[PDB]
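Each chain, letter by letter, is given below.
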Amino acid sequence: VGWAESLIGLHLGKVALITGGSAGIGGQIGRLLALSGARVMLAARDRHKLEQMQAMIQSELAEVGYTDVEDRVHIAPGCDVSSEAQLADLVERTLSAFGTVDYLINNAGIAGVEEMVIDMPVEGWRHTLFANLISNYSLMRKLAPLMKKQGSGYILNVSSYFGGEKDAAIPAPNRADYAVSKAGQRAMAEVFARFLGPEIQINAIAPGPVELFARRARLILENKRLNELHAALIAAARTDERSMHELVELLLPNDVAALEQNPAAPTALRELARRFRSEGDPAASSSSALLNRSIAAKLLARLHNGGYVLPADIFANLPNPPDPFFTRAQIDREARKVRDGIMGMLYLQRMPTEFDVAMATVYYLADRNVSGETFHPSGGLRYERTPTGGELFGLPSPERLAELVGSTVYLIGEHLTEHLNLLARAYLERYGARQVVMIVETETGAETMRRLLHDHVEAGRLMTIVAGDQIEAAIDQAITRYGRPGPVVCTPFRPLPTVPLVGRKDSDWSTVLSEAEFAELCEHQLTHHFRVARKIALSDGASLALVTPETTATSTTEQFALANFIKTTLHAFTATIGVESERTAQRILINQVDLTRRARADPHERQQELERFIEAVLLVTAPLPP
Ligand SMILES: [Mg+2]
Ligand SMILES: [Mg+2]
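X-ray crystallography is the method the PDB entry states for this structure, with the resolution given as 1.77 Å.

The protein chain carries the name Short-chain dehydrogenase/reductase SDR in the PDB entry, which gives Chloroflexus aurantiacus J-10-fl as its organism. Recorded under Sequence similarities (unreviewed entry), the UniProt text for the protein chain is reproduced unchanged: "Belongs to the short-chain dehydrogenases/reductases (SDR) family."

Laid out in structure tokens, this is it:
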């Protein structure tokens, strides 16, 4: 009798580790697993919140008739999952308390940087990947050996609808780091299942929206002001002789009315001011002041990152608009717009509670016959998605191909020398590009490409730059010395690793892909492209192709799995920055080109494989006529 009845015995005899276990979905999964008879370890940062969650669950267990409830619910406070050292301590603490872990519930997540890519610090991106994605691999790598040795285990990654679907990506503007980490959580389950079977199940859950929008609305309105100011300054500079520095000085009085009426100001800035007044709330200082110090700092960074020369202290004396910069009426209005938009996307016109999602998840965990899947414990969304892995294709139109004549091409890479050689020669010999800038990682890479392209090096058509781990500064060098690019083709510097992804039942797994190697994989195959895109998305007229890693007939099955992991995970990034790029005055296109095809299965077939690559890249880097 009672709603927990459905649960008694459901997970009896299991030991579960739940990260982010002090609140939200994770706390409810921990609660319901304990009611179902599992011993649970709840991991989180704040001791107090985790203590009160422990006390609530233990009280509920005793209420249902469990005895010795202290033995059934343990906590691991101070656990920052972005710290590899603290993940090691968590596993030690959990094994000492309970012995082998049966269920790894990878639930901890941080929201991330919550900015557009062009405003997203590289270290904040990396931190989100460590907290939300690399942490899931790390705990799997520590717990799967014991699971396989005992003959059973279960890894559940708590992804999100923001991570997309198996064969379709979803844009998540202002959340690219988060969306990438969510897509990676799903892709990890999709590609590791064949290696972790038969002993270990690995699945993801991807709930849709779950039960304030005010902070989110806040961010949207501040973002809007930043984007509108940036876009107006870029537009004004196209038809005004003054330097960007001189144009930004027009903003320093921080006075909407004075700017609208300044006959020395470019019309784009006067029209912007007229817009802020006409569309604003009279009680909001954003209707009478152009910006605040927070928005001003982000604007200055965009301009610097786009190559504009301005003093670091240009906004040091900017007058500070009085609170509220946006009124609660403005914030609540945008919040209701966000809410109503999500409610409108749900087929069922209701969102689940955290309890509902956890209950469905805890029933799902009892199913012993599924692996490699993403379960949707809530779902039914009208969001548009972008199918991934469409194959058949050809050359672009002759009108678009002719537009490459005289263009400046950037190629980035090092490992894929045959791809880089053929692409450079296609642009230069076949389509009359003026010059190719070859941006490599090392001097040895540079010498290799200079050797392969010696004729074009001698003729001044092929320039090489050595980027090292300073790709942003290398792009700046290319822009200053050789001019802005049209095509930019971004291939990974590094090949995929050649290591096993699982160990033998009785082995120590010492040769299996390490936690540190997994982080390096993300650095070289995801963050590499993020860093290039972050810069190129400020370069007007660029067409960026992000290229994911190769697999050949000599590539291992582990490399094929890692290539598919990267493909899926990067498609979340590509879809997101595509939408974000619509908000800047700079005209940029961003597309992804996948080298590894769907199935694993002589010098002629190779050269046609490479020729389809060339055609793919041309189809997304040739500019459409204006
Ligand atoms: Mg100008
Ligand atoms: Mg654009």
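Caption draft 1: The arrangement of the sheet that holds strand β1 (residues 15–19) in detail. Across the sheet, which stays open at both edges, the seven strands sit in the order β3-β2-β1-β4-β5-β7-β8 with parallel pairing between neighbours. A single partner strand is all that each edge strand has here, and the edge strands are β3 (73–76) and β8 (374–375). Pairing between strand β7 (residues 200–205) and β8: two bridges, direction parallel. Pairing of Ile-205 across the sheet is with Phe-375, part of β8.

Caption draft 2: Inspection of the domain arrangement of the protein chain at higher detail. Taken domain by domain, the protein chain comprises domain 1 (5–211 + 347–384), domain 2 (215–332) and domain 3 (398–621). Here domain 1 and domain 3 have C-alpha centroids that lie 34 Å from each other. Domain 1 puts 46 residues into the contact, and the matching count from domain 3 is 43 residues. The junction of domain 1 with domain 3 conceals about 3,800 Å² of combined surface from both sides, 69% of it contributed by carbon and sulfur atoms. At the junction of domain 1 with domain 3, the criterion picks out 18 residue pairs in polar contact. The set of elements that each furnish at least two residues to the side of domain 1 that touches domain 3 consists of α4 (122–150) and α5 (176–196). Among the elements that make up the side of domain 1 that touches domain 3, the one with the highest residue count is α4 (16 residues).

Caption draft 3: Spatial organisation of the coordination of the magnesium ion (ligand 1). The coordination sphere of the magnesium ion (ligand 1), as far as protein atoms go, consists of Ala-237 (O) and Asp-240 (O), spread over 2.4 to 2.5 Å. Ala-237 sits in the partly exposed class, given a relative accessible area of 25%.

Calculation rules
- Residues numbered from 1 in each chain as written, not as in the entry; some residues may be left out.
- Chains lettered and ligands numbered in written order.
- Heavy atoms only, no water.
- Residues with missing side-chain atoms left out of burial classes, pairs and counts.
- UniProt positions renumbered as here; feature names shortened; annotations may be inferred.
- Pairing = 2+ DSSP bridges.
- Helix = DSSP H or I, 4+ residues; strand = E, 2+ residues; numbered from the N terminus.
- Domains from an automatic or database assignment.
- Contact = heavy atoms within 4.5 Å.
- Buried area = accessible area lost by both parts, 1.4 Å probe.
- Polar contact = N/O pair within 3.5 Å; in protein donor to acceptor, adjacent residues only side chain to side chain.
- Donors = N, O, S within 2.8 Å, 3.2 Å for Na, K, Ca; no water.
- Buried < 20%, exposed > 50% of the residue type's maximum accessible area, 1.4 Å probe, protein only.

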